[PDB]
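For what it's worth, our numbering labels the leading residue of the sequence shown as 143, then goes sequentially.
Note that CB positions come from ideal geometry on N, CA and C, so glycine has one too.
Written below as structure tokens is the structure these notes are about.
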Amino acid sequence: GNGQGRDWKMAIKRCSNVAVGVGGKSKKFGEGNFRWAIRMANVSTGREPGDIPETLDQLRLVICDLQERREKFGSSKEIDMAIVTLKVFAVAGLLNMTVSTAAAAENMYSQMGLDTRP
């Protein structure tokens, strides 16, 4: 499915209340940033451009693949933001759970046992 639905708008609005830094003040999540991430991550995974899923299974999977390639390629601000996005977004969307910070989101994603090490 592709388009802007209740789950879509809600996903962006939810993460919108998330801090993308060490301290929440004037740098929350935005729609533009989400795209640059979800997109950069999608294309980076050799996945078609029209890949707009909407399932916890899809998010967890996409995040897993990005993790493997993230290491083999090394740690980068670009690859990091992209991954942290798919996570904070997956939980803030598929789980409708608003996280305090992008870091806390990704941390819980892997800490919960979602981001395995394949």
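{"Check": "DSSP three-state assignment for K170, whether helix, strand or coil", "Outcome": "strand"}
{"Check": "C-alpha gap between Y251 and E210, whole angstroms", "Outcome": "15 Å"}
{"Check": "Whole-Å CB distance - residue 262 paired with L256, under 8 Å assumed", "Outcome": "What the structure shows of the chain is the stretch from 143 to 260, and residue 262 is not part of that stretch, so it cannot be assessed."}
{"Check": "Contact between the segment 177 to 189 and the segment 233 to 249 (3+ Cβ pairs under 8 Å)", "Outcome": "no"}
{"Check": "Own chain, CB closer than 6 Å to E173, minus 5 neighbours either side, in chain order", "Outcome": "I154"}
{"Check": "Own chain, CB closer than 8 Å to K151, minus 5 neighbours either side, in chain order", "Outcome": "none"}
{"Check": "Counted within 10 angstroms of its Cβ, other Cβ atoms place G235 as buried (16 or more) or exposed", "Outcome": "buried"}
{"Check": "Cα-Cα separation, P195 to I205", "Outcome": "13 Å"}
{"Check": "Alpha-carbon spacing of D149 relative to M223, whole angstroms", "Outcome": "22 Å"}
{"Check": "Burial state of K229 (16 or more Cβ within 10 Å)", "Outcome": "buried"}
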